[PDB]
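Number of protein chains: 2
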Amino acid sequence: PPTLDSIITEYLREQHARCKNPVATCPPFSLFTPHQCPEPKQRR
Amino acid sequence: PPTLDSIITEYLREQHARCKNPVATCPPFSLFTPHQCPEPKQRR
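Now the structure itself:
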């Protein structure tokens, strides 16, 4: 059987799969806000 | 902000999107087991 540790982990990963240009060592997530990986906004 | 009612609802729906031939009035789900929509096994 699964635990809520595994359920919330899979819930974030299915939201992490919407990231254009995803990362590997991600920051700690925030369940109260959406999760968007940092897209390239070219300043230089 | 979201509630766990909305989180577990979206978790099942992202698992319901793997259904070959999904349904509309689905049965009540079971969080402890996987969810597979009934595929056609032709008997007749």
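Note that the protein sequences, when read in sequence, are chains A and E.
According to the authors' numbering, the stretch in the first sequence is residues 1001 to 1044, in order.
According to the authors' numbering, the stretch in the second sequence is residues 1001 to 1044, in order.
Backbone N, C-alpha and C define an ideal beta-carbon position, used for all residues, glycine too.
DSSP, read as helix, strand or coil, puts A/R1018 in coil. The Cβ of A/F1032 sits closer than 8 Å to at least one Cβ of chain E. A direct Cα-to-Cα measurement between E/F1029 and E/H1035 gives close to 7 Å.
At a beta-carbon threshold of 7 Å, the residues of chain E lying near A/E1014 are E1014, ordered along the chain.
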